[PDB]
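Let me begin by presenting the structure, written as structure tokens, before commenting on it.
The basis for the numbers below is simple: all heavy atoms, side chains too, and nothing from hydrogens, waters or symmetry mates. Numbered from 1 within each chain, the chains take letters A, B, ... in sequence-line order.
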Amino acid sequence: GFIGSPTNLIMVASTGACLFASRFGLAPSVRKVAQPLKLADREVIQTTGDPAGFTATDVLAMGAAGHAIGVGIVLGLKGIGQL
Amino acid sequence: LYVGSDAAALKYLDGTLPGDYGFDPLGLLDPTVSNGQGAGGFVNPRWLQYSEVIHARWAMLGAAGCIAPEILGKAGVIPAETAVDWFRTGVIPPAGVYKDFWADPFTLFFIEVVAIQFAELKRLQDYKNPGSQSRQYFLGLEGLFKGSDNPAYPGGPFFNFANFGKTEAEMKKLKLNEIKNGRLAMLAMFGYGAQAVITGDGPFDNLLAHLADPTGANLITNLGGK
Amino acid sequence: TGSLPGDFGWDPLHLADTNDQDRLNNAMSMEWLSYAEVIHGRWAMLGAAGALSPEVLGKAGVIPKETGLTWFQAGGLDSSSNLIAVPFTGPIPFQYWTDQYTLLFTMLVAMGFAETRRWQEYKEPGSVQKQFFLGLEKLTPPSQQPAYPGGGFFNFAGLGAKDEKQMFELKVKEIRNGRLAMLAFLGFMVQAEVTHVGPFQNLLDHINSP
Amino acid sequence: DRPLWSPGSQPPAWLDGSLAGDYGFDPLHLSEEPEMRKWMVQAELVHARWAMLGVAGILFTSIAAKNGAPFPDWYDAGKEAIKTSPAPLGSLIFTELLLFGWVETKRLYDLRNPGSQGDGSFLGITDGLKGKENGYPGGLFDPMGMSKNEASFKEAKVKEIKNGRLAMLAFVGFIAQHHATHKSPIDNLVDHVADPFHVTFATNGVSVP
Ligand code: CLA
Ligand SMILES: CC(/C=C/C=C(C)/C=C/[C@@]12O[C@]1(C)C[C@@H](O)CC2(C)C)=C\C=C\C=C(C)\C=C\C=C(C)\C=C\[C@@]12O[C@]1(C)C[C@@H](O)CC2(C)C
Ligand SMILES: CC1=C[C@@H](O)CC(C)(C)[C@@H]1/C=C/C(C)=C/C=C/C(C)=C/C=C/C=C(C)/C=C/C=C(C)/C=C\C1=C(C)C[C@@H](O)CC1(C)C
Ligand SMILES: CC1=C(/C=C/C(C)=C/C=C/C(C)=C/C=C/C=C(C)/C=C/C=C(C)/C=C/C2=C(C)CCCC2(C)C)C(C)(C)CCC1
Ligand SMILES: CC1=C(/C=C/C(C)=C\C=C/C(C)=C/C=C/C=C(C)/C=C/C=C(C)/C=C/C2=C(C)CCCC2(C)C)C(C)(C)CCC1
């Protein structure tokens with residue numbers, strides 16, 4: 001919440017890591033399918049200038065995932081007495 | 001440019017609508033939705049466009065009526081006692097009610113509901129039956145209620161007495177600008193309601209607070225964050 | 001295309017090339033975009049000149065330094081009613097020959113007259129000069145291109161009677177320097193906003209400490 | 001052929017230049033219907049005429065007050081007038097309404113039907129109270145006839161509409177000055193001519209907070 005707080009830093013890092021994972025393979029996305037690996041799919045939604053398969057629902061889903069991972073990490077570290 | 005046009009939504013809509021930026025993620029303008037005969041459901045393109053333009057006009061009037069009293073009361077145009085916030089006029093008596101009025105707020109509500117019921121019921125009957133309000137004698141202003149093929153744009157000697165847009169290009173530009181300003185005012189009234197709930201002040205007061213201190217008065221600082 | 005000046009193809013945002021290329025209305029035709037760009041560039045030329053003149057002329061001692069102050073303080077660009085950047089609102093320390101709002105009203109009247117003349121020439125060329133204008137209608141001759149009217153008033157030196165290749169070279173040089181003026185005025189105003197000092201002061205700071 | 005509101009503008013099809021002050025300044029496309037054209041012409045003429053009557057009265061009272069006559073400012077002069085007049089409030093408003101109803105209904109029904117008042121209905125008067133034009137009456141209203149010749153009549157129509165337009169601009173200027181400076185208009189003009197470079201619309205007025 002506070003600018004410069006450790007929770008802000010690590011949750012911004014988590015959201016950016018989720019976005020970077022969605023941009024380049026890694027995390028499954030709209031254009032990524034199949035259970036074991038990730039395979040190319042239909043474009044589904046126009047990306048509106050974004051290269052590769054990166055649409056609005058992609059950034060919405062992975063921002064939600066990043067916020068969830070960040071709040072889980074924050075509360076887990078607060079439970080164990082860490083940052 | 002198409003503002004965030006979702007793919008596979010252009011398959012059923014071409015460019016005929018004023019705005020028509022191709023933004024339809026969930027999908028409601030599809031003719032396959034509510035296909036048949038008769039009244040049907042409420043999700044049909046004609047009613048969708050009609051409700052969109054009516055929401056646009058009402059939101060534009062609301063944004064004007066939310067800005068004008070506070071702005072003119074900040075200066076000497078409107079006196080301070082009549083320069084109340086838009087939600088403190090009496091629309092929400094918990095928020096505030098202006099007691100110094102020429103009539104009781106419920107009397108004004110009854111007069112308003114009678115007048116707007118006449119207006120919107122004539123509008124609805126013309127929407128169901130085009131040009132029907134010009135046949136039955138109302139007051140002698142039946143020729144003013146001729147209407148048009150599109151219920152969203154009736155025209156006539158009163159609704160468009162300036163007869164702007166003689167050419168089709170000017171009609172298209174005017175319709176696009178009307179729907180654009182209406183969508184902008186819809187988002188505006190959304191923000192006005194949000195600020196009225198959170199800040200408890202007029203939208204111009206919030207604008208002045210953001211102007212004076214950007215980081216010290218914003219959405220983050222509104223709800224307690226830093 | 002290469003007919004328009006500065007047709008380098010640098011359009012990554014694709015804000016140009018709309019389907020409705022009507023010059024009248026829609027505010028998005030390529031001729032209207034070029035006209036707006038060139039007049040914004042000429043106003044940026046004038047703004048850079050007027051934001052560099054008083055400081056360096058007071059430094060050189062040609063004008064007295066009491067009136068050779070920075071541009072935003074001498075332009076009324078102050079806090080005022082917490083508006084940051086609104087001209088003719090902030091109080092100016094130096095008293096002038098008249099009130100600020102006096103030439104703000106002359107601003108409104110005179111620039112409205114000039115802009116309405118330009119808009120009427122854009123809408124219908126060759127018709128503005130027909131009406132009586134106290135003998136000033138012949139001062140501005142009509143032209144096919146609204147961005148480059150020409151004539152005695154707009155071309156006093158007469159350096160436009162040469163061949164079209166040199167004229168196009170002058171045009172592309174003018175708009176390239178206009179884009180340079182765009183960047184220069186953007187840097188001017190953001191440095192004046194984040195430093196609250198004149199551009200000459202931080203320019204000297206950058207020269208002394210690169 | 002004629003000067004317009006903008007150089008190069010196209011005059012409206014319903015404005016052929018046959019009216020007084022026909023500069024074609026009709027951007028809201030009003031008076032397109034011929035009956036609406038008569039209505040707008042009569043409304044502009046009546047509003048302009050009352051504007052210049054009121055402006056002449058206000059200016060005369062202001063210059064007399066500056067000269068030394070015991071006359072108040074044009075603002076709130078009605079309060080001291082009703083304090084000094086033997087007639088109480090409400091009564092004289094109703095009497096002037098009774099007097100104004102009559103002539104204005106005659107004007108309205110002459111506007112709807114020209115020559116309707118020349119039938120001798122009002123005291124047997126037939127030549128008088130007859131509209132020579134739509135918004136321009138004749139007969140009893142004009143004691144001596146400089147309107148008999150047509151060229152000077154058209155010139156006087158143009159001069160009347162332009163002086164009336166200037167006077168209603170002067171009336172909105174009057175209300176703006178007395179809501180901004182709260183001084184007499186003659187005093188405002190004296191203040192402007194005394195120090196034009198300092199006594200402006202913003203230094204002394206409330207126009208700028
Ligand atoms: C209320 C007074 C009034 C009335 C009834 C008319 C009516 C007419 N005039 Mg006129 N005119 C007026 C004021 C008025 N005008 C003013 C103030 C000016 C100077 C700016 C002019 C300048 C003018 C020219 C140059 C010409 C006309 C012409 C016309 C005709 C065309 C129809 C028209 O203008 O729309 C009807 C007009 C109205 C319904 C008036 C609407 C007034 C609104 C409701 C007031 C809103 C506030 C307003 C902006 C004032 C605020 C303060 C302001 C001073 C800053 C018609 C007979 C043309 C013509 O054919 O001549 C006969 C023509 O050539 N007029
Ligand atoms: C400003 C005004 C009218 C303005 C109209 C405008 C701009 C219209 C513009 C347009 O239509 C055009 C042209 C063309 C369209 O394309 C565009 C629009 C915009 C639609 C009228 C004033 C009209 C003003 C009038 C009639 C003034 C009357 C004054 C009287 C009666 C005075 C009486 C006094 O009582 C007082 C007040 C106080 C006492 O102290 C003294 C006495 C003398 C007792
Ligand atoms: C670097 C820096 C640094 C930091 O510190 C700060 C800052 C601020 C950022 C800075 C920047 C700056 C800039 C950018 C600038 C620019 C400028 C310009 C462009 C100018 C022009 C300028 C321009 C110019 C002169 C031009 C000119 C032209 C001409 C004359 C031509 C022609 C003509 C005319 C029309 C007029 C007439 O009568 C005559 C003639 C002859 C016919
Ligand atoms: C903007 C604004 C506003 C608003 C407004 C509005 C919103 C309005 C509306 C209005 C309306 C909405 C109106 C209405 C009206 C109506 C009427 C007036 C009607 C009438 C009717 C009748 C008279 C009828 C009759 C009949 C017939 C015809 C036959 C027989 C039977 C019967 C009886 C039915 C205000 C002022 C607030 C403020 C300022 C600004
Ligand atoms: C690179 C790039 C860029 C940028 C971008 C960005 C920077 C973005 C961002 C974005 C973002 C940054 C987003 C986010 C989102 C988020 C979200 C969507 C989240 C969440 C939500 C929610 C609703 C939540 C919930 C919750 C709660 C409350 C509790 C439980 C847990 C959870 C967390 C789940 C640009 C355009 C300039 C250019 C091009 C490229």
Side-chain angles (χ1 to χ4, degrees), chain C residues 24 35 38-39 42-43 46 88 96-158 160, chain D residues 1-12 15-28 44 48 51-52 55 59 151-174 176-177 188-189 192-193 196-197 199-202:
Chain C
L24 265 77
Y35 186 37
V38 73
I39 63 188
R42 286 159 173 176
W43 270 117
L46 293 192
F88 291 89
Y96 286 13
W97 86 301
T98 192
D99 196 30
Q100 223 172 340
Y101 289 82
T102 300
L103 60 152
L104 181 65
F105 199 72
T106 78
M107 252 306 165
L108 295 174
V109 169
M111 284 231 80
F113 256 83
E115 280 259 294
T116 40
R117 293 281 278 207
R118 292 185 338 125
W119 213 28
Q120 267 278 35
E121 193 82 40
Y122 184 79
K123 286 186 178 160
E124 186 48 63
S127 56
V128 199
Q129 297 90 2
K130 317 290 263 297
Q131 201 153 318
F132 186 73
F133 201 42
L134 255 192
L136 315 165
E137 51 263 53
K138 48 83 175 173
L139 193 48
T140 60
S143 152
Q144 157 255 316
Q145 176 65 235
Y148 308 107
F153 181 48
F154 302 116
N155 200 334
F156 267 114
Chain D
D1 49 285
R2 51 186 228 255
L4 297 151
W5 71 291
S6 316
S9 69
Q10 308 314 300
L15 299 188
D16 47 354
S18 68
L19 308 146
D22 200 286
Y23 299 94
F25 183 39
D26 185 49
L28 275 204
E44 190 174 46
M52 40 161 209
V55 154
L59 269 186
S152 296
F153 176 51
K154 182 251 203 77
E155 280 288 279
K157 283 189 306 200
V158 172
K159 289 153 162 141
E160 187 171 59
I161 194 52
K162 277 153 73 182
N163 277 259
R165 272 149 191 188
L166 248 195
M168 50 181 203
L169 271 289
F171 187 74
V172 67
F174 278 152
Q177 289 149 5
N188 290 310
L189 173 62
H192 177 70
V193 303
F197 294 155
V199 189
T200 66
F201 72 103

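The heavy-atom pair separating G8(D) from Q131(C) by the smallest distance is N-OE1, 4.1 Å. Of all non-hydrogen atoms in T140(C) and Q129(C), the two that sit nearest each other are O-NE2, 3.0 Å. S9(D) and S6(D) make their closest contact through OG-O, 3.1 Å (heavy atoms, listed as atom of the first residue, atom of the second, distance). In plain terms, the two heavy atoms of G150(C) and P141(C) that are nearest each other are O-CD, 3.7 Å. Nearest approach of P3(D) to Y23(D), heavy atoms of both residues: O-CD2, 3.3 Å. Across every non-hydrogen atom of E124(C) and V128(C), the tightest pair is O-CG2, 4.2 Å.
The salt bridge (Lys or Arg N to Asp or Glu O under 4.0 Å) pairs that include a residue from residues 16-26 of chain D are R2(D)-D22(D), where partners are two or more places apart or lie in different chains.
Within 6.0 Å of OH on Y96(C) lie more than 12 heavy atoms contributed by other residues, nucleotides or ligands. More than 12 non-hydrogen atoms from other residues, nucleotides or ligands lie less than 6.0 angstrom from CZ of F154(C). Counting heavy atoms of neighbouring residues, nucleotides and ligands inside a 6.0 Å radius, atom CD of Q145(C) exceeds 12 of them.
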* To do: Would you sort out whether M107(C) and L103(C) count as a side-chain contact (heavy atoms from CB on, under 4.5 Å), showing the intermediate values?
  => CA-CA 6 Å; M107(C) 252 306 165; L103(C) 60 152; 5.9 Å; no

* Asked: Do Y148(C) and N155(C) pass the side-chain contact (heavy atoms from CB on, under 4.5 Å) test, and can you show the C-alpha distance, the side-chain angles, and the key distance before you say yes or no?
  -> CA-CA 10 Å; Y148(C) 308 107; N155(C) 200 334; over 6 Å; no

* Report the C-alpha separation of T102(C) and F197(D) in whole Å, then their side-chain angles, then the decisive distance to 0.1 Å, and conclude whether the side-chain contact (heavy atoms from CB on, under 4.5 Å) test is met. => CA-CA 8 Å; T102(C) 300; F197(D) 294 155; over 6 Å; no

* Stepwise, does the salt bridge (charged side-chain N to carboxylate O under 4.0 Å, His left out) test hold for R118(C) with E121(C)? -> CA-CA 5 Å; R118(C) 292 185 338 125; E121(C) 193 82 40; over 6 Å; no

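Atom CZ of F174(D) sits about 4.0 Å away from atom CG of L59(D), to the nearest 0.5 Å. In this structure, the separation between CG on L136(C) and CZ on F153(C) is 9.5 Å, given to the nearest 0.5 Å. Here the NZ-CG distance, from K154(D) to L19(D), works out to 10.5 Å after rounding to the nearest 0.5 Å. For the atom pair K157(D) NZ and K159(D) NZ, the distance stands at 12.5 Å (nearest 0.5 Å). Summarising the geometry, atom CD belonging to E44(D) is positioned 4.0 Å from atom CD1 belonging to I161(D); distances are rounded to the nearest 0.5 Å. Interatomic distance, CD of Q177(D) versus CG of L189(D), reported as 9.0 Å (0.5 Å rounding).
The aromatic rings of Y101(C) and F201(D) sit perpendicular to each other, their planes meeting at more than 60°, with 30° as the lower class boundary.
Here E137(C) pairs with nothing under the salt bridge (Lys or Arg N to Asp or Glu O under 4.0 Å) rule; sequence neighbours left out.
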